[PDB]
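A.B. asks: Protein chains in written order, with this note's numbering: chain A, 8 to 141; chain B, 18 to 677; chain C, 421 to 491; chain D, 12 to 60.
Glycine residues also receive a C-beta, built at the ideal position from the N, C-alpha and C atoms.
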Amino acid sequence: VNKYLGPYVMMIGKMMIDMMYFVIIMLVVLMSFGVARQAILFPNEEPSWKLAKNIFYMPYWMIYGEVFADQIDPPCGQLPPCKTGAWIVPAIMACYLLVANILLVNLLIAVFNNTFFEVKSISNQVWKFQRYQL
Amino acid sequence: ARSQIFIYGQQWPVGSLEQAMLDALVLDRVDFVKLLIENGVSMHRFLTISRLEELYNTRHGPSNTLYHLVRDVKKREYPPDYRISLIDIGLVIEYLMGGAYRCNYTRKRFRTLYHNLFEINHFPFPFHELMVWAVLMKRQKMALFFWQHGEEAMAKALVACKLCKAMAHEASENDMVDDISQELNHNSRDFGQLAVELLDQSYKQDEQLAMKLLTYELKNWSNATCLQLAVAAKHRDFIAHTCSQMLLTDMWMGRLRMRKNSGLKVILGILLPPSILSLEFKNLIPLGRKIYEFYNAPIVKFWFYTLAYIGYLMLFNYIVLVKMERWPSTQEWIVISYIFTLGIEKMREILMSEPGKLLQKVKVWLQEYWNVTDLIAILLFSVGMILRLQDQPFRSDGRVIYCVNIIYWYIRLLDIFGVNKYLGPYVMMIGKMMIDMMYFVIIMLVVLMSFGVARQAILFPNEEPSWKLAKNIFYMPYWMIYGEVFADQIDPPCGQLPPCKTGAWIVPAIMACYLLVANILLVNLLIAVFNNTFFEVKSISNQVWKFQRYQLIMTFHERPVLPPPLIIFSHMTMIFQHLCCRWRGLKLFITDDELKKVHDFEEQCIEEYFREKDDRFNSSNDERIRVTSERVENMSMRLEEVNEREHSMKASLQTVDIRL
Amino acid sequence: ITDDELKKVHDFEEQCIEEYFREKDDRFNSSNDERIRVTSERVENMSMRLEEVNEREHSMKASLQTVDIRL
Amino acid sequence: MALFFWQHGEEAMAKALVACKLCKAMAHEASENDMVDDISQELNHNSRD
Ligand SMILES: CC(C)CCC[C@@H](C)[C@H]1CC[C@H]2[C@@H]3CC=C4C[C@@H](OC(=O)CCC(=O)O)CC[C@]4(C)[C@H]3CC[C@]12C
Ligand SMILES: CC(C)CCC[C@@H](C)[C@H]1CC[C@H]2[C@@H]3CC=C4C[C@@H](OC(=O)CCC(=O)O)CC[C@]4(C)[C@H]3CC[C@]12C
Ligand SMILES: CC(C)CCC[C@@H](C)[C@H]1CC[C@H]2[C@@H]3CC=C4C[C@@H](OC(=O)CCC(=O)O)CC[C@]4(C)[C@H]3CC[C@]12C
Ligand SMILES: CC(C)CCC[C@@H](C)[C@H]1CC[C@H]2[C@@H]3CC=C4C[C@@H](OC(=O)CCC(=O)O)CC[C@]4(C)[C@H]3CC[C@]12C
Ligand SMILES: CC(C)CCC[C@@H](C)[C@H]1CC[C@H]2[C@@H]3CC=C4C[C@@H](OC(=O)CCC(=O)O)CC[C@]4(C)[C@H]3CC[C@]12C
Ligand SMILES: CC(C)CCC[C@@H](C)[C@H]1CC[C@H]2[C@@H]3CC=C4C[C@@H](OC(=O)CCC(=O)O)CC[C@]4(C)[C@H]3CC[C@]12C
């Protein structure tokens, strides 16, 4: 209701659609890495819905901090002799970590900047509209 | 010349008028040309094959790029090059224009005409080839002049725009002065602006004739239509004006005219297939026509092909995660049939290309990046298949290759989701920002591998030659960009535990410097670069969306009815019906009358455009200031003579009144 | 609202729209490009009338010379 | 013609506001009615005027 936080609420409501498009492109990259990960490392499991959790758990929290450094290239054959081609998993992960945490996020900074150019000139007067409603 | 040389009964000789016409052309004398055409020297009577040949073979006027062009065509096809033939310069339009413009010159038909002399030698539309001559040889006010006088002006504007842009790219390829690349670029932008202006003028005059203008076939301009010439031009603004977008809307919807939340209505149209009876179309048999119309729109082929793709990606995900027994599962057979028929689809598309030579076909197909990356995709998946149907250990490597393909087909779904019109621009943003990330990768590479060689060489003091050293160089610094700083590994307790090695106290400080210049400087440079690059790309945005839409439109008209997983069925009919009944799109075939209607519509529209430019120029403030300044000067002089002469009047009148 | 206050309101409204249209006409006439246009048109007329004054000037000069010839 | 009628008569403010709402109504409704984009643009222009 207040003339200072009310515009920020409106700004969020405008930014969510750009966030949704960010989310869609983030799903396509994250699921690419997930389909890669839960197959090259795990080549011998029966149909189970648990795989579905694994295809979303491990890549998603890599975006927001922890990269799960203990679970990446585990010490092989010195300990079980590890998987089919499991050395490629750090390389494709490095590609995922980069594209995801740099390109799309930084583009979303730019998106937010231009939309905040657009909606700041709106903001004070549209509060002056919404005031009437209450 | 217009006042005295062109006199009433100045006895004009025979042939010297056309000789002076030629001499006026070859010195770039545009208004002398206007003067002598104003006399009435039929320009159709002028253009002989010999006169045109020597019209190109003149070393006067401005700089002629056509020298280096004809030498490049002579090189790539297999002295002062005396008598530069019309065949060779026709090949120069073949090279510069590209695509599928097969010129009248370079067509075998007119070469068998030319073998007679290796209306009789006179073109039926001289202003066409004349414009082509003027545009290739730098002469731009000549090109405007021959654009005003002539027929099929829109087609002329587009071919001049493409030819001029192609000479711009050619001149930038030889690393000449930026003056010549600048003038070719500016000249092509001028023709493109004329094309847009004439289009919007035709739009304001009459709309249906504007569509008929933008859809008819151009027999003189190598049997194509204006949209094909424009998309060959990459003149984005012409495929951004509402006329072409309305036409492509009509093409995209096809022969159906439902158009009320169209995507939801078509996904309820194809699922539960008896739902299209309630959808309206453009005005036993009236149900078979409805199902055939609803199975041959571009939009239905798009959505039902996209359902095929997403079904493919679900099934291939179910293959790659679940165990693989020795003989492939039924889902895997569906997968490998999709890839095989997709390869047959690419092979069908490479055979059905408008360039005649197969090398030209594969060249113009390799111009498109997604298609060639689809080729390496299908090749690696078939390599993975042939490794998969063998025994151990190649089965595991086949699983590796299957994963490698899984990433790429996820990347292709970003392309099939590159529509939307609100997400298409997001795809173009990525496309532009990747190049800036490359420079980021170079600078981050040198600083990161500096820290890597530092941290290995300080901490590990006596190691033998092994490749694992490079893995230590590139492993530990890299993840510290993205969060985790490897807290246990940094400043290990020593000397209380193994003893400390050399000056292992320096590598905390080097790490401090690295994380500083990495997480605070370079990533935030990529913030700044991505911000202003977004500022340019937002300026175009939906505009380039409209441009890429056209390509999508054409492919989804030219693609068969079936999805790829079963498209082999329609390929069977392509090798059966078309080999039994025969072996044993936007292009509007138009009559000559309607053709003349479109023609004099063009003349009226271009003359309206020219009067609008002159009326804008006269009513502009600048012209008003100049003409009032000049006219106040003229009045000032006339006031001088009035004051002097009529003061002499007062003197004479007073003296005369004194006398009488 | 009561009817006489409504009549005052309606008088206010027609008054205010009248002053608005007067003010925009005076804005349009005092704007630069209209002054440029009207000056150009006026000076066009000035020059044609002045050239006519020139022709009629020479006619008077010849008339006065002929009158001085006969006096 | 509408602006001429807006000149004459009384209750000009209410007239202008109703005409603005109606013009924006034809604008958005014609955007969903899917004619030429020229009208929805000019309809928006009419509501702005
Ligand atoms: C392409 C994208 C956008 C969609 C998501 C793809 C995958 C994450 C989905 C698609 C199909 C799913 C499968 C569909 C069916 C099953 C069977 C299901 O088995 C059971 O419920 C009982 C066990 C049995 O008898 O098979 C286990 C999950 C699984 C493998 C699913 C795992 C997750 C899959 C591969
Ligand atoms: C793409 C985004 C925006 C959509 C989000 C939907 C899915 C990504 C989520 C929603 C609910 C999730 C499921 C919720 C519960 C389960 C049961 C869970 O099963 C078990 O832990 C044991 C049982 C078994 O493995 O069958 C496995 C993960 C799974 C399938 C989850 C997989 C991922 C799902 C389908
Ligand atoms: C800034 C840009 C240039 C990216 C920089 C990071 C990469 C160059 C690094 C990061 C992690 C590295 C990988 C970490 C682990 C491995 C596993 C390693 O495999 C083995 O040592 C074999 C073990 C076995 O035989 O089981 C081969 C190198 C590789 C792929 C490394 C290759 C180089 C990578 C991808
Ligand atoms: C300068 C920038 C751009 C890259 C950094 C380069 C180094 C990290 C490379 C270049 C030369 C490489 C060396 C070249 C040769 C060898 C021998 C090689 O020996 C073997 O593979 C077994 C014995 C043999 O056959 O030579 C072990 C790695 C090593 C020390 C390499 C380790 C990594 C080095 C130092
Ligand atoms: C322009 C960008 C992409 C630069 C990235 C290239 C290099 C940084 C990468 C590419 C391949 C990588 C190599 C791939 C495989 C190996 C073998 C690996 O050793 C083994 O597999 C056996 C020895 C052992 O580790 O015990 C050590 C890392 C090394 C040299 C990697 C070191 C880092 C390399 C040279
Ligand atoms: C203001 C910005 C630019 C930098 C702020 C951080 C630095 C002031 C700090 C961060 C980590 C610190 C280092 C952490 C550990 C050490 C090791 C220390 O040496 C030992 O402890 C000897 C070995 C032993 O005790 O066994 C000497 C100080 C030093 C280099 C510290 C110096 C000061 C550093 C670089």
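Taking B/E663 as the query, report the chain C residues whose CB atoms sit under 7 Å from its CB, ordered along the chain.
C.D. replies: To locate residue 663 of chain B, count along the second sequence from 1; it is residue 646. Per Cβ cutoff of 7 Å: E477.
A.B. asks: On the premise that B/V149 lies in contact with B/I104, defined as a C-beta separation below 8 Å, what is that separation, rounded to the nearest angstrom?
C.D. replies: To locate residue 104 of chain B, count along the second sequence from 1; it is residue 87. To locate residue 149 of chain B, count along the second sequence from 1; it is residue 132. Not a contact, Cβ separation roughly 14 Å.
A.B. asks: Going along chain D in order, which residues have a C-beta closer than 7 Å to the C-beta of C/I437?
C.D. replies: Here residue 437 of chain C refers to the residue found at position 17 when the third sequence is read from its first residue. Within 7 Å Cβ-Cβ: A23.
A.B. asks: Establish whether the CB of A/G20 and some CB of chain B are separated by less than 8 Å.
C.D. replies: Sequence index remark: in the first sequence, residue 20 of chain A carries index 13 (1-based). Taking 8 Å as the threshold, the shortest C-beta distance from A/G20 to chain B does not fall below it.
A.B. asks: Tell me the DSSP secondary structure of A/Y64 in three-state form.
C.D. replies: The sequence position of residue 64 of chain A within the first sequence is 57, counting from 1. In the structure shown, A/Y64 sits in a helix (DSSP, three-state: H, G or I).
A.B. asks: Identify every residue that forms a DSSP beta bridge with B/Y131.
C.D. replies: In the second sequence, counting from the first residue as 1, residue 131 of chain B sits at position 114. Bridge partners of B/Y131: none, in fact.
A.B. asks: Is there a C-beta anywhere in chain D that falls below 8 Å from the one on residue 570 of chain C?
C.D. replies: Nothing about residue 570 of chain C can be reported from this structure: the residues present for chain C run from 421 to 491 only.
A.B. asks: Ligand 2 and A/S55: does the residue's C-beta get closer than 7 Å to at least one heavy atom of that ligand?
C.D. replies: As a first step, residue 55 of chain A is located in the first sequence; it is residue number 48 there, counting from the start. For ligand 2, at least one heavy atom lies less than 7 Å from the Cβ of A/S55.
A.B. asks: Check whether the Cβ atoms of B/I452 and C/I456 sit closer than 8 Å, and answer yes or no.
C.D. replies: Looking up residue 452 of chain B in the second sequence gives position 435. Looking up residue 456 of chain C in the third sequence gives position 36. No; because the gap between Cβ atoms is not below 8 Å, this pair is not in contact.
A.B. asks: Work out the CA separation of C/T486 and B/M666 for me, nearest whole Å.
C.D. replies: Residue mapping note: residue 666 of chain B aligns to position 649 of the second sequence, counting from 1. Residue mapping note: residue 486 of chain C aligns to position 66 of the third sequence, counting from 1. Cα-Cα distance, rounded: 13 Å.
A.B. asks: On a Cα-Cα basis, can you pick out the residue from B/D617, B/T645, B/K555, B/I498 that is closest to A/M69?
C.D. replies: Taking the first sequence and counting its residues from 1, one reaches residue 69 of chain A at position 62. Measuring from the Cα of A/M69, the nearest candidate turns out to be B/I498.
A.B. asks: Which same chain residues, not among the five before or five after B/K299, have their C-beta less than 8 Å away from its C-beta?
C.D. replies: In the second sequence, the residue the question calls residue 299 of chain B occupies position 282. Excluding residues within five positions, the ones whose Cβ falls inside 8 Å are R272, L273, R274.
A.B. asks: How would you label B/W350, buried or exposed, when you count the other beta carbons within 10 angstroms and need 16 or more for buried?
C.D. replies: Position 333 of the second sequence, counted from the start, is the residue given in the question as residue 350 of chain B. Exposed.
A.B. asks: Please report the residue range of the alpha helix (DSSP H) in which C/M480 lies.
C.D. replies: Position 60 of the third sequence, counted from the start, is the residue given in the question as residue 480 of chain C. Per DSSP, C/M480 belongs to the alpha helix (DSSP H) from 452-489.
A.B. asks: Nearest-angstrom Cα distance between B/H664 and C/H478?
C.D. replies: By one-based count along the second sequence, residue 664 of chain B stands at place 647. By one-based count along the third sequence, residue 478 of chain C stands at place 58. B/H664 and C/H478: Cα-Cα distance of roughly 13 Å.
A.B. asks: At least one CB of chain A closer than 8 Å to the CB of B/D391: is that the case?
C.D. replies: As a first step, residue 391 of chain B must be located in the second sequence, where it is residue number 374. So no, B/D391 is outside the interface.
A.B. asks: Run down chain C in chain order and give the residues with a C-beta less than 7 Å from the C-beta of B/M652.
C.D. replies: The residue you call residue 652 of chain B lines up with position 635 of the second sequence. Here the neighbours are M466, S467, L470.
A.B. asks: Name the two residues that bound the continuous alpha helix (DSSP H) containing B/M114.
C.D. replies: Working through the second sequence from its first residue, we reach residue 114 of chain B at position 97. Where B/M114 is concerned, the enclosing alpha helix (DSSP H) stretches over 103-114.
A.B. asks: Taking only beta-carbon atoms, is C/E434 less than 8 Å away from chain D?
C.D. replies: Stepping through the third sequence from its first residue, residue 434 of chain C is reached at position 14. With 8 Å as the cut-off, C/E434 counts as an interface residue toward chain D.
A.B. asks: Mapping DSSP to helix, strand and coil, what is B/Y233?
C.D. replies: Residue numbering aside, residue 233 of chain B sits at position 216 when the second sequence is read from its first letter. It is a strand residue.
A.B. asks: Please check the pair D/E21 and C/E425, which I expect to be a contact at CB under 8 Å, by giving their CB distance rounded to whole angstroms.
C.D. replies: Walking along the fourth sequence from the start, residue 21 of chain D turns up at place 10. Walking along the third sequence from the start, residue 425 of chain C turns up at place 5. No, D/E21 and C/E425 are not in contact; Cβ-Cβ is about 14 Å, not under 8 Å.
A.B. asks: For the alpha helix (DSSP H) containing A/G20, name the first residue and the last one.
C.D. replies: As a position in the first sequence, residue 20 of chain A is number 13, starting the count at 1. Note, A/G20: alpha helix (DSSP H), 13-47.
A.B. asks: Taking 8 Å as the threshold (C-beta atoms), are A/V133 and A/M18 in contact?
C.D. replies: In the first sequence, the residue the question calls residue 18 of chain A occupies position 11. In the first sequence, the residue the question calls residue 133 of chain A occupies position 126. No; because the gap between Cβ atoms is not below 8 Å, this pair is not in contact.
A.B. asks: Please state the DSSP three-state secondary structure of B/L605.
C.D. replies: Start at 1 with the first residue of the second sequence, and residue 605 of chain B comes out as number 588. DSSP places B/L605 within a strand segment (E or B) once states are collapsed to three.
A.B. asks: Any heavy atom of ligand 6 closer than 7 Å to the beta-carbon of B/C181?
C.D. replies: Taking the first residue of the second sequence as position 1, residue 181 of chain B is located at position 164. No; taking the cut-off as 7 Å, the Cβ of B/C181 has no heavy atom of ligand 6 nearer than that.
A.B. asks: Taking only beta carbons into account, state which residues of the stretch 56-89 of chain B come closer than 8 Å to chain D, listed in chain order.
C.D. replies: none
A.B. asks: Under the DSSP definition of a beta bridge, which residues are partnered with B/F298?
C.D. replies: Taking the second sequence and counting its residues from 1, one reaches residue 298 of chain B at position 281. According to DSSP, B/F298 bridges with B/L273.
A.B. asks: On a Cα-Cα basis, can you pick out the residue from B/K51, B/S354, B/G115, B/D40 that is closest to B/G373?
C.D. replies: In the second sequence, residue 373 of chain B corresponds to position 356, counting from 1. B/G373 has its Cα closest to that of B/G115, out of B/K51, B/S354, B/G115, B/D40.
A.B. asks: B/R576 and B/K318 - do their beta-carbons sit closer together than 8 Å?
C.D. replies: By 1-based counting over the second sequence, the position of residue 318 of chain B is 301. By 1-based counting over the second sequence, the position of residue 576 of chain B is 559. Note that the C-beta distance between B/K318 and B/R576 is below 8 Å.
A.B. asks: I want to verify the contact list: residues of chain B whose CB lies under 8 Å from the CB of C/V487, in sequence order.
C.D. replies: Here residue 487 of chain C refers to the residue found at position 67 of the third sequence. The contacting residues are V673.
A.B. asks: What whole-angstrom Cβ distance do B/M171 and B/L215 have, given they're in contact under 8 Å?
C.D. replies: Locating residue 171 of chain B in the second sequence gives position 154, where the first residue counts as 1. Locating residue 215 of chain B in the second sequence gives position 198, where the first residue counts as 1. Confirmed, about 6 Å.
A.B. asks: Return yes when at least one heavy atom of ligand 6 lies under 7 Å from the C-beta of B/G512, else no.
C.D. replies: The residue you call residue 512 of chain B lines up with position 495 of the second sequence. Flag set: Cβ of B/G512 near ligand 6.
A.B. asks: Consider the C-beta atom of D/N55 and the heavy atoms of ligand 1; say whether any pair is separated by less than 7 Å.
C.D. replies: For the purposes of this step, residue 55 of chain D is taken as residue 44 along the fourth sequence, with counting starting at 1. No, Cβ of D/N55 sits at least 7 Å from all heavy atoms of ligand 1.
A.B. asks: Taking 8 Å as the threshold (beta carbon to beta carbon), is B/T645 in contact with chain D?
C.D. replies: Taking the second sequence and counting its residues from 1, the one referred to as residue 645 of chain B is at position 628. With 8 Å as the cut-off, B/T645 does not count as an interface residue toward chain D.
A.B. asks: Go ahead and pull the three-state DSSP assignment for B/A117.
C.D. replies: Here residue 117 of chain B is taken as the residue at index 100 of the second sequence, counted from 1. The answer is coil: DSSP assigns B/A117 none of H, G, I, E or B.
A.B. asks: For A/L104, return the contacting residues in chain B, with the cut-off set at a CB-CB distance below 7 Å.
C.D. replies: On the first sequence, residue 104 of chain A is found 97 positions in, with the first residue counted as 1. The answer, in chain order, is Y499.
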